[PDB]
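Chemist: Let me begin by handing over the structure; questions about it come next.
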Amino acid sequence: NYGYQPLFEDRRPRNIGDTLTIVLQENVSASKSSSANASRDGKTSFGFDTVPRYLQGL
Amino acid sequence: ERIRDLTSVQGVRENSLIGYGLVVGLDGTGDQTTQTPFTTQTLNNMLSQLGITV
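Chains as they are written, first to last, in the entry's author numbering: chain A, 59 to 116; chain z, 20 to 73.
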């Protein structure tokens, strides 16, 4: 004797020892990315190629 | 008969029960079963319980 068994209810595990099918379908995909940058360029110049006479002391 | 027709006793009450079933023996006036999958699913469940695996 197996006890009350339903007639229209789906066949589910109910007690200890009942078997159940597991469809293993795992798909995990995690990602991360990052970046940082900095730049700085400078040029300076001053040339008195021909100095006038009133400014040759400076 | 006034007190029984006017009052009710505490703890003397009716509950509601619900269930799902199948009705068979209809003269072609049942479900289409193409738009109600649960009818065929539960019929197959009943057959599987009774020993027929469709």
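Every residue gets a Cβ at the ideal spot worked out from N, C-alpha and C, and that includes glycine.
1. Note down, one range per segment and in chain order, each alpha helix (DSSP H) of at least 4 residues found wholly within the region 41 to 71 of chain z.
2. Comparing the C-beta of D76 (chain A) with each C-beta of chain z, is any distance below 7 angstroms?
3. Excluding sequence positions up to five away, which residues of its chain have a Cβ less than 7 angstroms from the Cβ of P71 (chain A)?
4. DSSP on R111 (chain A), reduced to helix/strand/coil?
5. Is it the case that the Cβ atoms of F66 (chain A) and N63 (chain z) are separated by a distance below 7 angstroms?
6. Straight-line CA distance for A88 (chain A) to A94 (chain A)?
7. Would you mind giving the Cβ-Cβ distance between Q63 (chain A) and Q68 (chain z), rounded to the nearest angstrom? I have them listed as a contact below 8 angstroms.
8. In chain A, what lies closer than 9 angstroms to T61 (chain z) by C-beta?
9. Can you round the beta-carbon distance between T58 (chain z) and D50 (chain z) to whole angstroms, since I take them to be within the 8 angstroms contact cut?
Modeler: Quick answer:
1. Inside the region 41 to 71 of chain z, DSSP marks whole alpha helix (DSSP H) runs of 4 or more residues at positions 56 to 69, from first to last along the chain.
2. Walking along the first sequence from the start, residue 76 (chain A) turns up at place 18. No - not a single Cβ of chain z is within 7 angstroms of the one on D76 (chain A).
3. Counting from 1 along the first sequence, the entry for residue 71 (chain A) is found at position 13. So the qualifying residues of the chain are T77 and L78.
4. What you label residue 111 (chain A) is simply residue 53 of the first sequence in a count that begins at 1. The answer is helix: DSSP assigns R111 (chain A) an H, G or I state.
5. The sequence position of residue 66 (chain A) within the first sequence is 8, counting from 1. The sequence position of residue 63 (chain z) within the second sequence is 44, counting from 1. No, Cβ-Cβ distance for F66 (chain A) and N63 (chain z) is not below 7 angstroms.
6. Looking up residue 88 (chain A) in the first sequence gives position 30. Looking up residue 94 (chain A) in the first sequence gives position 36. Taking C-alpha positions only, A88 (chain A) is separated from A94 (chain A) by approximately 21 angstroms.
7. Along the first sequence, one-based indexing puts residue 63 (chain A) at 5. Along the second sequence, one-based indexing puts residue 68 (chain z) at 49. About 6 angstroms; that satisfies the 8 angstroms criterion.
8. Looking up residue 61 (chain z) in the second sequence gives position 42. Those within 9 angstroms of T61 (chain z) in chain A are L65, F66, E67 and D68.
9. On the second sequence, residue 58 (chain z) is found 39 positions in, with the first residue counted as 1. On the second sequence, residue 50 (chain z) is found 31 positions in, with the first residue counted as 1. Indeed they touch by this definition, with Cβ atoms about 5 angstroms apart.
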